[PDB]
Every structure is written in C-alpha cells, then in structure tokens.
Amino acid sequence: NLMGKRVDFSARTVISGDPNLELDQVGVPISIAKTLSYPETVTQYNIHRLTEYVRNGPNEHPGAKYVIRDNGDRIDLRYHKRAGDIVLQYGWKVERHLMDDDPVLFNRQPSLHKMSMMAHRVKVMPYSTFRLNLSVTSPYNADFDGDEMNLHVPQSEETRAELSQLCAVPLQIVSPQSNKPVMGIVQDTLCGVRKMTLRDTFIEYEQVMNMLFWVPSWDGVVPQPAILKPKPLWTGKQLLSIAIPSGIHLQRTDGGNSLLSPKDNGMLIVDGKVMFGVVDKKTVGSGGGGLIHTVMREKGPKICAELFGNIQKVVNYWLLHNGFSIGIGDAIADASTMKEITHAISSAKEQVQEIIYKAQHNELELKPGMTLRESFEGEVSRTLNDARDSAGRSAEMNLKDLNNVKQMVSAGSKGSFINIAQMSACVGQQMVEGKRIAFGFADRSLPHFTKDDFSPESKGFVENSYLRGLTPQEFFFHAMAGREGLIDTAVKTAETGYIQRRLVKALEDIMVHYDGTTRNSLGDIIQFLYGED
Amino acid sequence: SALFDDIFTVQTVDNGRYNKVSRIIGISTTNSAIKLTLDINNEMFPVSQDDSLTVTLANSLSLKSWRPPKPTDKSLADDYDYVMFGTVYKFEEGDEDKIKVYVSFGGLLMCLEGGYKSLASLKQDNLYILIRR
Amino acid sequence: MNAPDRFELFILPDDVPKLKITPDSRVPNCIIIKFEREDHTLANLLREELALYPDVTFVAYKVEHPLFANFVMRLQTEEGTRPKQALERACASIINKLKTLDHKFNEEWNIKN
Amino acid sequence: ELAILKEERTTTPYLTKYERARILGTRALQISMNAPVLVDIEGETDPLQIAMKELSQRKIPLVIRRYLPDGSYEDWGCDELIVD
Amino acid sequence: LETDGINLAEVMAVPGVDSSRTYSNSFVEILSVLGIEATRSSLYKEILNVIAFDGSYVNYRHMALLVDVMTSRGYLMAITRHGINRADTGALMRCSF
Amino acid sequence: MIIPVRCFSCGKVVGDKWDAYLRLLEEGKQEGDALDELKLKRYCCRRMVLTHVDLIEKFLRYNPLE
Amino acid sequence: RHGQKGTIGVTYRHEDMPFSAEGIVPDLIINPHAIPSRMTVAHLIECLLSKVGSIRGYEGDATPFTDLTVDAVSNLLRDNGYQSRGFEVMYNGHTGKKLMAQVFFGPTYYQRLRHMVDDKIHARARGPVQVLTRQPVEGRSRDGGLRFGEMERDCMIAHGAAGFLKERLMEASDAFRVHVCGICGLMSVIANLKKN
Amino acid sequence: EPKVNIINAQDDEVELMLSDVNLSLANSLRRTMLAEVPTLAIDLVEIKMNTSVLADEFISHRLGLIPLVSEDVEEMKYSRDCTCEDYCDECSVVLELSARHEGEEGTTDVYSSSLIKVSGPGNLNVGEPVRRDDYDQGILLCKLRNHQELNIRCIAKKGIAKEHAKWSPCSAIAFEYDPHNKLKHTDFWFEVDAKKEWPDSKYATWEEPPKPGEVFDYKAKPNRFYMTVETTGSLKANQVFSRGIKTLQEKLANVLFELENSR
Amino acid sequence: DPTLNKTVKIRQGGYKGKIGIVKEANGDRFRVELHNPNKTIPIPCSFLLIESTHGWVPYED
Amino acid sequence: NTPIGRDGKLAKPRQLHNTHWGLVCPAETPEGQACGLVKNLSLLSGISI
Amino acid sequence: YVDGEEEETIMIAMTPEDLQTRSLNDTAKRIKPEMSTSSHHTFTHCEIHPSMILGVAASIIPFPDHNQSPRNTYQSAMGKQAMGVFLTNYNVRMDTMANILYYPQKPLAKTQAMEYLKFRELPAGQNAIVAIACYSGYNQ
RNA sequence: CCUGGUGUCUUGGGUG
Ligand SMILES: [Mg+2]
Ligand SMILES: [Zn+2]
Ligand SMILES: [Zn+2]
Ligand SMILES: [Zn+2]
C-alpha cells in the first residue's frame, strides 16, 4: 500500500495497430474518454468554451462531469435537472472529458527500462481498442496478440507540463543504455522500404501524385522525374528522400565498395537526397549512427518524429499499391541443390563414423583439458554444426532474388539465416543442457535403437527439415528441446527480474548534484564526476 | 548550347540482379581514355553490344515545380531518345588526364572518366543527359 | 458498446457540410476539397478524370482514416483555368459517359433478350 | 549566511530540462488561477502555450533556488538564465 | 598460461612470470593481493565481458557507477541484504528492501 | 447447428441446397459430383455444404419443456 | 491450429477487400512476417490440402508420419486448373490495379478464443474504496483501479518527474490530513474544527 | 464511345466485356453494384411465440438474410426520410409466419415459402420472397417437433449494403482483364518457367497472344475488362447494372449541385 | 415526470420503430435504452411515443 | 499432476525424459509455473487396475 | 501390454515396413534413417501407429511434424479455450458460463484420431478463407 | 430536498 498502491483515473485494455497515427499519439475510445475526466480551472479565456461542455452533459461528447467550487462541494451533472441555470465563476473547476491534445501516461507491465512509461497525446477514436503507432512497439516490447496496456491521466496543470517536457515520446528517441535509438522502421514497413529503394523501381505520375500528397510535411513542389523520355517515371529513392528533410548527409560504406556501387550496397545521402544505396535495416533501423540518429542530432525531436510518420505512410501506400506475400513454394528448392544437401549430410555422417572408429581404436587426438568422451562429443557437435551451416548456406545461395523469404531475410525485419537453413536445408542437432540427447534408457536414448549407439540419428540429429517431414524420433527430440528451452526461459525470467529488482533497490538514491559530483542520499561521494567526464 | 557531346560505342552490357536496369560500358571513338559506365533501362531503351549512341550532357533543356509537357512548346529533348536528369555527387580532381565524374539519376549511377579540357565545364549541380540512336 | 453506427457512413448531419472548399495560399491556384460520407468509388473516378485533362497540373486524393467516411483532394490547375470549373466539366463528362454506357447496355440487352 | 553572492556563483548559467519544466508548470498553474500576464495574448489561449510564450520572451518573474549538498543555495533569476 | 584455481600471491612470485600483468578472475583475491583500485578494474572488466559475450553493448558510465558503488566503503559490498542494509541511511529506506 | 443462408465469403444463397445435397448423397453420388451438380464452381460455397455439421437433429431429440 | 494467434486490427467491407479472377474475397488476412520466424510450414501445408479438398470434394487426411508429400498435393492442385503452389492473381479493392506480387489464398481452420475486448476493458475515475486502507478496491466486477507497482515508481524516478509521482500517490490516491504536536511529535492531538 | 459486348446473359448472372472505358470507372461500377444498390430485406422481427430449440436472435438473423423481391424499390422511400408517424404503407413491408407441428412423431421444416405478405405499397411487386420455380420450398429456417409453435412478424425496410451485408443484391462479381499480361502490371512468380507453371485464364482465346519479337508498348492502357456479375435472386443482372449506373449518376449530379450551390 | 420505466416506441429519426425503456428523464433529451441493441441513446421529446390503454399516445398522454 | 509444488529450482522433474515415449503427451503441457509438472496421458495409455 | 520398465529390454520397430529390408532419389519427400551401426536387427515388437504418441489436444494439430515444439505447445494449450459445442443438452443445463458457436464447421484437413474424439461431429472453429498478404498495414 | 452502502482469506486453470 505504500511502495505499490492502487491509483485512480486509470484505464486498461488491449491495444491495436494503426500506422495512420503520429509517433506521440494514442487512440482513446469514446467510453474510456467519457469515464476519465480532467479538472480544468475556469479562467477568463475558456469560460465560454466550458459553458458548452456544461450544457452538453456527461452523456454527450464533448462534455463535463462535475463542477467544484472554492469550498469543495461537487455538483453531480447526472442528477442535476437544472443544468441550464448554472453560471460559472472565476476560480471554479470543471471535470471535462478527455479531449484531443491531452498528454497522458502510457505503460505496459512489466516496466523494465524508463522507456516503458511514455507521454502520448489523446485522439478520440471509435471501438474499444487502444490505437498505437507501429514504431513504439520496440521499446514497449509489445505485439497485437493480447497486450493489455495501462493509461493514466494527470489531474493537475504542472503534471501535464512535466509529461509534455520530460516524458514526451520524441524526447525518448535516443536511449542512454547504448547511445543508440530504440525505435525504427521494422516489419512490413521495413519490408516495403527495402523494395521501394531498389534500382529497378519505377512509378508513374498518377501514382507519384498520390504518394506525394500523402506527405503532411510536403512543401507542394513536385520533383523532376529521373526519366523524361519517352515516359515520365520516378524512382522510389526520390519519393523517399522527399519525406527526408534537407540538409542531411550520411555516408556508409558496406564491404569496401567504390562509388560505382556494383552490388548496390552502401548508403549516400546528400542534402536529404539518397544518392545510392538500398535502404534496409542498416539505414532506418534501430542501430546507432543511422538516419534516425542523424536527423535527431541535426534537426530535432519534432522533425525526427514527423519523418517516422511520413516514411510509414509513404511505404504503406507503396506496399498497398504494390503487394507482398509468402507461400509454400518459397520454401521449396530445386532437384539440384537437394542432392548436394543429401551428399553433404552423407559426408558428415561418414566423418562422424570415422571419428567414432578413431575413438574406439585409440586413434583420436586428446583435447587439452578434456577427456576422450568430452573431446569426441565436442568434435561431433562441431562437425554437425559445420555441416548444417554449409547446407543452410547452399540452400540460401540456391534462392533467387524474387524469393519472398530471401527478401524478408535481407530486409532484417523478420527472419534470419538459421530460419532458411531449418526450413529448406536441415534442422540441425538438438541440444539439451548444453550437451546432446542423454541416454535416458539403458545405454540408449530410445527403445527403437540398439545399445551403445553413438550415431547422429540416435542422439538427436534431425536430418530432415520442416518441409520434408520429421521422423517420430526426431519429432520427440525436437519436442524435448523445445520443452527444455521453454522451461529454461520460464525459470530464468524470474531470476532476471529478481536481479533487476536488487540492482534497482541498491541504486535508487543516486543523483548528480549541481557541483558535478555523484553522491547519494547520505552525501558520500561515489564519483567526483559523472562518467569521469 | 550544350556542355559535352560525344559518340560512345557500347562494349559491355550487364543486366545484374535486376531485369530492367542494365549497366552499359562505352568508350569514345574519337578520343581514348574516356569511359562511360551508365545504368539505363531495358524496357524503355533496349541497347545491344557494339552500338553507337550520341551522348549529350547539358545543364538546361531550354533552347522549379515540374509540369506535364505541353504539345506547343519545344526543348532540346525533342531531338533525342533517352532523356534523363540527375545530380552530380562527386567531382574527382585526379592527375590531369584522370578525372572521374559521378552522377546519380534517382538511383541510376553514371561514371564518366575523361580529361580536363573536355570535362572542365561539367562542374554543375544538376545535369541532363540525352542519348540518341 | 463503442462500435459506431453504420448508417452514419452515408447519412450527412445537419451541421456538417457535404463538400468543403479551402484555398491554398502556399501555391497559386490550388484548392483543397473535403468530401464527407464518401468512399474511393467517386474519389478515384474523379481523380483519374481530372488527371486525364491537359489544363489540370496536379490532382490527388487521400483518405485520412477508413473508419471515418471522408477524404481530402488537392487540385492545382494553371493560371487560366479554374479548378472548380475543371471539376464541374469532369463531372459532366463522366455523367455523359455513364449515360452513353447505359444506353448502349440497354440496346445490347434488347438484342440479347 | 547560506546565500551565495551574485559575484561568486559557480553553478551553470544554462537552464536544464527539469528546471525549465518546473518553471513552465508553475507559470501555467499560476496563469490558470487568474494571474497578470506580462506578455500579449493573441490566438493561443492555453495556459501552457502562454507559459511557453512568456519563457520564449524571457518575461517570467521567477527565481530558481538551486540547493547545494553542503546546505547553501544559489538564487538564479529567470531573466538572466540562457535558455536554448 | 591459464591455470585452474586461485593463488595470485604464490604465482606472482614465480620466476620467469610477468609479475606486473597477471590478471585474476576472482576479485576477492584481488582485493587482498593488490588493492581496491585493481578490484574495481577487475570487476569492470568482468562485467564488460559478461555484457559483450552475447553481442550486447552498455555505456561505460553505467558500469563505472556500478563498480564505484560497490567499491565505496573500501571493501567489496554485496548486492544483498548484508551489504545494502549495513549502511547509515534511514530506517524507512532500509526496511523497504 | 443449422445450414447457413448465405456464403461467408461472397454471399451466395446456399441455404436451399441441403435437402437436394442429401438426396444426391443418398443416390450414391460422390461429394464433388453432388457439389458440381448444384452449380457450385467456387470452393467458398462448396466449403459451406461439404464442411457443414448438422446439429439441430441431435438437439431435436430432447423432449420439449412446454 | 498452429499457434498463429491474432487480434482484429480493422474491418473492411466487401468492395474494399481484394479479389482474384473468380471474384472470391478473403474472409481473413494474415501477415506473412509471422511465417519465416516462427517456421510454420504446416500452416501452408494445411491450407493447400484444404484448398485441394474444397476444389475436389473430400476431406484431406492430415495424419502425421504418413506417405503424403507436398509434390503429390501440388500435382493434384495443378491438374484442377489452379496454380501448383496455390498462388492466385488478386486485384486491388481500391483502384482495381493488378498486384505485382501474388498473394497466397485458401481455406484454413480457425477458432475464437475466450479472450475478447469487451471482457477486458476497464476504466474508473472515482469509485468505491476499501475500509481498512481507504484505497481503491481490486477487481473488474467491483469497479477497482489499476495497481502502481514498484517498477512504475522506479521508471518515474528515472524520468525525473517528482511532482507526478507525488500527485499519483496523494491527490489521486488516499490522502489524509493529520495533526501533530510541536513538542511530543505524535498524532495524539485532540482537534475540534466546529469548535476550533 | 464505350461499347458493351454481352457474352452470356440469362436470369441470375450475366457475363460481358466492357471496352473504351477506364479501370477506375469499372472499379467504381463494381463497387456501386456490390454496395451502392438499394434493395429490400427484413429489418425488424417481432416474436410473439417461439418454443423451438433455436434462439430468438438466431431466427431473427436467419430471417434477415432472406432475399426479397425488390423490383419496384426505386419508388419506395427510405424509413428515415418518411414524414409519417411510425410504420406505414409507403416505407415498410409487413409479413407474417405461423408454423406449428401437430403429432407425436415427425419434424416440420419451416421454409421461406411460409412468409405470407400481409400488407405493402400496392400494387408494387415488392416484399414477396425469391423463388426458383413453383414447387421449390425455399431456404430452410427452422425445424419444429411436437408442441413447438413459431409465430413471427417481419418488417422489411429499404436500405443499402453500406449498413449491412444483407442488403447486397450481388454475391460474387468476377472481374479481370489482360489474360496474356501485355501491360506487365504483375510479376509472375515461377520456379523454372512462368508460362508453364501458370494456368491460362478462361478468356485467353478472346485475345491474341503477344509476339516474341514484339516491342514493349509503354503507351498501352487497359481497355477490355471481362466482368461476370451474379445476383442472389432479389434483383436481375440488367436491373442491377441499370440501378448502379443510376446511383452513380445521381451521386455525380448531387456533387455537381453542391459545387454550384457552394458559391 | 410520470414517463420513467415505460415502454416507448420511436416514430422519427434513424431508429424509427424500435422499442425502448426510459432509463433517465432529466429534461427534453430523454435517455432511452433500446431493446434491439445493447446501448442507451439520448432522444428529443418530440421523437417518442408512450404506450397506454389504447395504442401509443404521443405528448397528449 | 506431480505433488512437488512451485518451490524448487533446476529442471529435473520438469524436463521431458526419454522414458515418456508412448505414455504421456510430449507437447501438451501448461505454461508458467506448472510447465513440465502437469502432464496428459497419450491416446493409447492405460493404468493398471 | 508393456510398461516403462519392460520397455527397457525389448526392441520396438517404428513402422512395419522397417521389419524387412527394401531394394528413390526423391527431392520432395523426407529421408529415412540409414541405421548402419548394427549388422542385423532382431525386432521383438512393433508400434501400431506413431501418431498415437500424442495426447488429446495434440491430435487436433494437422501435420504436427512440420511445426515447432513451442508452437505445438501453444496450440495444445489454446485448444482448451476455443468456442464450440461442448454438449448437446446446453438448453437444459444451467452452467455458470457457456459459449456456443453459431455455425460450427468441421476442418478440411482432419486426422484419423479425430474419428475417436468426436471432432467432426462437435467442432470448435470455422473454415475461413485466409489470404497471406500485406494490405494497408493494418495487419502487422 | 439534499446526502448514499456489499466485503477480508484460499484453492485449480489461463492472459501478456
Ligand atoms: Mg504478446
Ligand atoms: Zn461463396
Ligand atoms: Zn504533544
Ligand atoms: Zn412511411
């Protein structure tokens, strides 16, 4: 009840997705805005505006709920039948409904870092779901599968100014954890911006007009097309740079490429115009030294927050007018690479058999600090991992540029190399407690095998992939591995929470004073200068 | 009325990873040590090997907001085929005869390697390229 | 509980106009037309017809949110032609084309019957 | 006794984010309770907007008392603190 | 060389061994052999290694403050009820843990 | 429970093709042939009759309360 | 039936949803990004089998560890007039223009869980309080308030907003005026307001 | 200028091809036919006795999806625009359904043919249910056993498909164009070949295939669009097309009138 | 107001012809909870019809 | 259910042992604190009378 | 019948086809294990069906061998919260909370075990036409 | 004619 009590003026419901909103905006339902109220003081510049809210009532939005005088007596508008004979005086208070441009605090349990509590502007929206921007999902660590988030409304004037000038969303772009931004373009927005910035992307004037009109910060001047004859066609790089403010330079060399850029790598942005370089995760991502950090350091928080919405709207319109999907055929390879994968698996099995023969004949080299069995298991695991990596690399090189899985992997929004390796090539070796499948039975792992069987297929080596078909033994091994991983996660989350709680309780009275020193509550000097600089 | 005009013979054409954008490499016939590596389109201007193209680089098409071309006015693009406009993003001051100019047209890259007496007037902010035949 | 009414998607209130016009002082001869209780059906049909006109220099439309039945169109013509007269001529041309199409469809159905 | 003279002030002359937010909140709370505005009010009638306009014009009659860990304090006027 | 076990006092005195660059992973023995200034550096190095093993990166100021708080009273102060509650702070703050 | 009236996808009236479907099934015809005989070329309407589970027959087995 | 849970983001009408060449509109639209990371090839296999069964006229046997392959189903799907991989050319429901990338289309079995929006929405401004601590109660059926745990307090401390944290635990909570003596320092002060 | 070429026409569905038009115009016409077409469906269900195994709201929703004849719905006024008090004979259709099974053995299946039209705006052919022939029972509604009566009153009003999908006259409207992909508006996903792994459309024999040595026409525009409009029996295909054209023309006229009155 | 908690029909507006119950009657704008949906709406006084002993009597009841 | 309680550490009675083949379900298990403890019998499982 | 202890001294075979040696090269189907460690195997038992190793909630998952273990666990845990027809006498029962689906439809990709679970007769779901695409960004 | 009251402790399964 003291370190953690229950407060009033708080709402909690499931959130939703809405890329058509700003970075510092949250969609509040009608019933939630009608239930919550804010007490505004009756002044000489808003009494005529408050009279309309009083005449409206608590059942009509926008309206009022209670009227408080200077003594403390509250007038309930639900039972007051004489609402038309109520005059407002200077110094009173009116509990008005939650309207627009109202900074409110937003949180989601658990609150790990300081970015979990953010001040957002209320926007009245229908339905009963909170509408959030698709860029604040990274610091919130939330998704749209059943995420209930909490919203608190201040009840004073100083708290509103504090939340607007301190806990504002554009002010929480750069995080002091690793001097890098925490919000970036991900998901379908990243997948669309990876394809729009291609070299073979050409848009017609009819679509270019609509894409330029979708920019709220557009100056109203249409840029010249890259091709004038025989048909005016624009490139996605120009329409992306249109939303980028001028006076922004960024040079990034990837792989040591030259200025000709044969692989279309790197990144060159001069005067807010992207010269060359495909925009992906290494540009508009959450990494340090990108375009977001450059804009934040050059212009400010407002321009950086507006650029997020502009890029989001542009990429969403381009993807809606273009399209992206995935299918089963995107995970099926040809008959030429499957044979190579099978040959590599057979070679790995032959190498494992040779290692077994060498270990069973006293012809295996002993590793420094490890016994015979430990070194043998380590060598087998390393060989299996190398074979799986080679098979995955071959399967990835077999994929073409038009593959949706390869595009999603190269975009960086979702998927990786191990995903393609496990979906097309080979799953890999199932590890349990750092080692392989232990002999749960009598000198064996399953009753379908013989005793003293050190073969990969009898120790948790899923040869087939998810597309081919997992054998019952491989299925049981994968189930055991998944159960072990889930149990380890569910056990370690509580330990990490306890560690964080202990660290917070140990470091909570530390504050930098005006003399530059770093002292606690007792006055003892911990550091003569914060960060020694 | 133009800044540079030459006739380049295409030597190598590489489609690369894109099916529409192709990189063409050409060398001038009247003067050596002058190379042109330019990204062009295939569906709008199909090229081939050993093809002579008249390349003209200028700064203006007159004989800021874009507008549809009216059928009553005339310009320099009325006598050419592949017309493009871009911005120069590099002006390398090499060793006399070795001077490289890098231009970008919305992403399409063009590298022009030549001397000083032929590229001293190409130090502009924007460039219009016209390819004929 | 909080689901809005469906009939409000096409019913215009008494204090809300159907067509709003606002001037754009940033560029000469440019207007912003706000359409209420409409969808993409008339929007695209007007946008393409205005883009198919030589006197129209810029024409675009966009819906701020699909939950609200309204959209906004930017129209910027030249100095001689007024965007309002251009939109009226485009509407008249679309009406004439639809009348001709209906007449041809009726004439074809009279033979197919 | 605990007051440091104006010629011996060693604190920073710039306004921090916390001090600026506190000043803005105090000014808005005072204006909301019918206070004589030192600047002209045009279309912006919100208390926070008026406070921001007064802060941008350096017309806020308030003094920040920055406290020192030893017990002393320094009084810095809002009309002399450089605001970015 | 990498030697299992902790015995810096007897290892540093071995001839042919650089008695000025020998590092130990246990800060408890470092506090007794070298001092608190070397213990702070060892703790910071261990924390940085633990953080960067998984590719993560944390600013230097946070780890510096963390290793300076534990090395403020002269000895190693644990992050438990034995080292935190043994301070001269208020009772209402110490009873909240 | 009961056969739906309109198709969930498009909206074709499929509520009047259940008795005829059962009669065609009683004659030994396959499910695909019975669905093709009812002029159901789209699978969206075929899934409304092939994957339908009639449960009102089991609910009618209970005696009425009134 | 593969762990792909999701909430409804928006609702579109019939004229706004995309359509293929036969005029079939999707009853639901999912995200492709939830496919390569979670590795749900079984979902695509089940969708393809359901499409093949709906085209032919029978229920496919989804029994694991059988001889059913992907090519055998793709051959039967291609022999019916459709694509082998289930791809269909869908059009845009806004302008009618063709989509450059094909869209996976087909029937899939879904289920509605007990978690809904109307059963989790809660809001309270000034409701009933407890008797022991005079604090807001706990529970949705009792009109309670949200809990401000220690993590929220630490996050507010890290933000530097002291006034907000002070008001959240006083004016917007359970404040009370007590009287103390200037000598004893205890709360044993008998006070009378109407008699002053 | 726009020409119409009807390929197939009957009573329910009609397949044709539209030429000399625009893609946006065809999309707008399809959207109008799928939504902006006023019909007639049951809007109110008064239940006086329901002792069946189904729920009351279940039977109401089942009745709301019953298509009714709306051939004379243009002269019918909306319920929200009627100046009269409550329901009358100019904006509402009244029907009654009374069913009762007598006997200790059997099951009476209540079909859509039991909907008897009580009143209506005479003598307009509206309110009657849609039937295929003369002996068809119709759509199944409920099944009554022993001592199970069902007495219901249906009140149908005029509405469009924008408020509820039950007012949509069309079910599945197929629409396509360019079977050979001459405009290059899409990218065919393939594994070895794109011409063999992709089936041909049903209108591939109506257009000539592109030549292998034919240059790409960048000035080409979509001209021919094949559209098959199907109905649910509540309205005819030609009637639906004419009503959609009339609704689009009325919307355009209202926009033009508002533009002229804004000055 | 002797019109609270009474069956009332609607004669004009969008919900023309719907049953409801007068949940709150503060003045002019009556709060009516309808029977078909699960919501309460405010409605003007000239848009209601109160029941009695013979049909639905308007304001003359 | 295994009467062990939420008290404890490691994952000895929670991990899926190899002897659980054909007796209990290798996938059906609760999430949270009862993960690995509460199990469900297979489709062909039987208890001795 | 064999228990956990008797299974330690027996040799079980997965499929009956593995009881005899065969005489392929299919790039689409799975690869069977080689089992070249032992010269000759002496099988004493044979499994009736491998798909029977799953439980009740796991038998509803179509093709569980092509999914992940966490996804299968999540599906088995969420299957107990699907809305459907729990009993045929719901009109006479007065349970505290009951949820009944409107139009229960049987899945197209069913398993044989469902024939013993009454899933095709009392389903809890619907066969909806799902499309995988990125529309207006409202499905991310 | 204002003012206004339904609760403390547990057991089992789920949500992020
Ligand atoms: Mg989640
Ligand atoms: Zn259908
Ligand atoms: Zn005292
Ligand atoms: Zn009437």
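Thresholds, definitions, all that
- Every chain here is numbered from 1 following its written sequence, a scheme that can differ from the numbering in the entry; residues without coordinates are not drawn.
- Here every chain gets a letter starting at A, and every ligand a number starting at 1, in the order they are written.
- Only some chains of a larger assembly appear here, and every value describes just that portion.
- Each side-chain value is worked out from all heavy atoms of the structure, with water and hydrogens disregarded.
- Secondary structure is summarised from DSSP: a helix means a run of H or I of at least four residues, a strand means a run of E of at least two, and numbering begins at the N terminus for each.
- Here the globule rule reads 2.2 Å times residues to the power 0.38, and the radius of gyration is calculated from C-alpha atoms.
- Type-normalised accessible area, obtained with a 1.4 Å probe on protein chains alone, sets the label of each residue: buried when under 20%, exposed when over 50%, and partly exposed for intermediate values.
- Between two residues, a contact is recorded if the distance between any of their heavy atoms is within 4.5 Å.
- Using a 1.4 Å probe, accessible areas were evaluated by the Shrake-Rupley method; residue-level cover was limited to the displayed protein chains.
- Here a cavity is any set of points on a 1 Å grid over the protein atoms alone where a 1.4 Å probe fits but cannot get out, and a pocket is any open set with protein on both sides within 12 Å along at least 5 of 7 lines; a residue lines the site when it has an atom within 4 Å of a point.
- Grid points are joined across faces, edges and corners, and a volume is the space filled by probe spheres set on the points.
- The nonpolar class holds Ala, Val, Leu, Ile, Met, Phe, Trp, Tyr, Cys and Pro. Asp, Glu, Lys and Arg form the charged class, and all remaining residues, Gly among them, are polar.
- Every helix has an expected span of 1.5 Å times one less than the residues it contains.
- As used here, the term nonpolar core means buried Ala, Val, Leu, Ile, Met, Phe, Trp, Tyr and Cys residues forming a set that is joined through side-chain atoms within 4.5 Å.
- Whether two strands pair depends on DSSP finding at least two bridges between them.
- For helices, the axis comes from a line fit to the C-alpha atoms of the stretch in contact; other axes are also lines fit to C-alpha atoms, and the angle between any two N-to-C directions lies between 0 and 180 degrees.
- Salt bridges, as used here, are contacts in which a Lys or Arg side-chain nitrogen is within 4 Å of a carboxyl oxygen on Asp or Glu.
- Stacked, tilted and edge-to-face are the three classes applied to pairs of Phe, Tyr and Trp rings, where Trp contributes its six-membered ring and a pair requires centres within 6.5 Å; stacked means planes under 30 degrees apart, edge-to-face means over 60, and tilted covers the rest.
- If an angle is under 35 degrees, it is roughly parallel; if it is over 145, roughly antiparallel; if it lies from 65 to 115, roughly perpendicular; otherwise it is oblique.
- In this listing, donors mean N, O and S atoms no farther than 2.8 Å from the metal, or 3.2 Å for Na, K and Ca; water is missing from the atoms, so a site can look incomplete.
- Distances are taken per atom, and a residue is near a molecule or strand as soon as one of its heavy atoms is within 4 Å of it.
- Nitrogen and oxygen atoms within 3.5 Å of one another constitute a polar contact, given that in protein one can donate a hydrogen and the other can accept it, and given that sequence-neighbouring residues count only through two side-chain atoms.

Method of determination for the deposited model, per the PDB record: cryo-EM, at 5.7 Å resolution.

Visitor: In this structure, what is going on with the overall build of chain E? I would like to understand it.
Guide: Per the secondary structure count, chain E includes five helices and zero strands. Ordered by position from the N terminus, the helices and strands of chain E form the series α-α-α-α-α. For chain E, whose C-alpha radius of gyration is 16 Å, the value lies well above the compact-globule estimate of 13 Å for 97 residues. Along the first, second and third principal axes, the C-alpha set of chain E runs to 55 × 30 × 20 Å. Counting over 97 residues, chain E shows a buried share of 31%. Partitioning the intrachain contacts of chain E with sequence separation of at least 6 by distance along the chain shows that 23% fall at a separation of at least 24. Per element, the accessible surface of chain E, about 6,600 Å² overall, is 56% carbon and sulfur.

Visitor: How do you make sense of empty space enclosed by the protein when you look at a structure like this?
Guide: In this model, the largest cavity occupies a volume close to 180 Å³. Lining the largest cavity we find 21 residues, and of these G:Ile45, G:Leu68, G:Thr69, G:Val70 and K:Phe63 sit closest to its centre. Elements with a minimum of two residues in the lining of the largest cavity: α1 (41-56) and α2 (70-78) of chain G. If you tally residues by element for the lining of the largest cavity, the top one is α1(G), at four residues. Partitioning the lining of the largest cavity into residue classes produces 13 nonpolar, four polar and four charged.

Visitor: It is not clear to me how helix α1 (residues 17-32) of chain D should be interpreted in this structure. Could you clarify?
Guide: Residues lying three or four places apart along an α-helix face the same way, a consequence of the helix completing one turn every 3.6 residues. Taking 1.5 Å per residue as the helical rise, α1(D) with its 16 residues ought to reach 22 Å, and the 22 Å between its terminal C-alpha atoms agrees with that figure. Restricting attention to buried positions, one finds in α1(D) the residues D:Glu19, D:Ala21, D:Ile23, D:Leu24, D:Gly25, D:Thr26, D:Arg27, D:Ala28, D:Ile31 and D:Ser32. For α1(D), the secondary structure elements touched by its buried residues are β3 (37-41) and α4 (157-165) of chain A together with α2 (47-56) and β1 (63-67) of chain D. Immediately beyond the C-terminal end of α1(D), within one or two residues, lies D:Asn34, with a positive phi of roughly 60 degrees.

Visitor: Honestly, the nonpolar core in this entry has me stumped. Any pointers?
Guide: Membership of the largest hydrophobic core comes to 135 residues, with the highest contact counts inside it found for A:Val28, A:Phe106, A:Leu132, A:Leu151 and C:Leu50. Leaving out residues up to four positions away in the same chain, C:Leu50 has contacts with C:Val56, C:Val59, C:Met73, C:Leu75, C:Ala86, C:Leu87 and C:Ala90.

Visitor: Honestly, the sheet that holds strand β10 (residues 149-159) of chain H in this entry has me stumped. Any pointers?
Guide: Where strands meet in a sheet, backbone hydrogen bonds hold them as pairs that are either parallel or antiparallel. Residues and elements named next belong to chain H. One open sheet accounts for four strands, arranged β3-β10-β5-β7; its pairing is antiparallel. The outermost strands of the open sheet, each flanked by one partner alone, are β3 (39-50) and β7 (116-117). On top of the sheet, helix α2 (residues 56-64) reaches β3 and β10; it is set at about 155 degrees to β3, its chief contact.

Visitor: What is the right way to look at the pattern of salt bridges in this model?
Guide: Oppositely charged side chains may form a pair once their charged atoms are brought near each other. In this structure the tally under the stated criterion is 84 salt bridges over all chains. One salt bridge in this structure joins C:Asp39 and G:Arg13, with 3.2 Å as the shortest N-O distance. Residue C:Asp39 is found in the loop between β2 (30-36) and α1 (40-51), and its partner G:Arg13 is found in the segment before β1 (28-30); the two belong to separate chains. Residues C:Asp39 and G:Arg13 agree in their burial class; the two are buried. Ionic pairing is found between I:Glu24 and I:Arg31, a salt bridge with its closest N-O pair at 3.4 Å. For I:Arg31, a relative accessible area of 19% puts it in the buried group.

Visitor: Teacher, can you tell me more about the packing of aromatic side chains here?
Guide: Tallied over the entire structure, the rule returns 40 aromatic pairs over all chains. Between A:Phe106 and A:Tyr140 the ring centres are 6.3 Å apart and the planes differ by 75 degrees, which places this aromatic pair in the edge-to-face class. With a gap of 34 residues between them, A:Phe106 in strand β7 (residues 103-107) and A:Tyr140 in helix α3 (residues 137-140) connect regions that are remote in the sequence. On the accessibility criterion, A:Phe106 (0% relative accessible area) is buried. Among the residues examined, A:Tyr140 registers a relative accessible area of 4% and is labelled buried. Consider the rings of K:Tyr102 and K:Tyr103, whose centres lie 6.2 Å apart with planes at 80 degrees: the pair is edge-to-face. Judged by relative accessible area, which is 6%, K:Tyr103 ranks as buried. By the ring-pair criterion, three or more aromatic residues cluster together here, those being G:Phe19, G:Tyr91, H:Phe175, H:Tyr177 and H:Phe225.

Visitor: Can you help me understand the packing of helix α5 (residues 187-196) of chain A against helix α9 (residues 301-321) of chain A in this one?
Guide: Residues and elements named next belong to chain A. It is at 9 Å that the axes of α5 and α9 come closest, and there the two elements cross at 75 degrees. One finds that α5 runs roughly perpendicular with respect to α9. Listed contacts from α9 to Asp188, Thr189, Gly192, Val193, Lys195 and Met196 of α5 are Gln312, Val314, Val315, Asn316, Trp318 and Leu319. Residues that form the contact of α5 with α9 fall into these classes: six nonpolar, four polar and two charged.

Visitor: What should I look at first to understand the coordination of the zinc ion (ligand 3) in this one?
Guide: Working reference: metal with six octahedral donors, ideal angles 90 or 180 degrees; metal with four tetrahedral donors, ideal angle 109.5 degrees. Distances from the zinc ion (ligand 3) to its protein donors, namely G:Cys181 (SG) and G:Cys184 (SG), fall within the range 2.3 Å. Overall, G:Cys181 belongs to the partly exposed group, its relative accessible area being 27%.

Visitor: Explain the protein's contact with RNA strand L here, please?
Guide: As a structural note, the neighbourhood of RNA strand L is formed by 16 residues, with A:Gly146, A:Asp147, G:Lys5, J:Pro30 and K:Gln81 the closest of them. Taking the atoms of RNA strand L that fall within 4 Å of the protein, sugar and phosphate contribute 93% of them. A distance of 2.7 Å is found between a sugar or linking oxygen of RNA strand L and a side-chain nitrogen or oxygen belonging to A:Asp147. Considered class by class, the residues forming the surface near RNA strand L number three nonpolar, four polar and nine charged.

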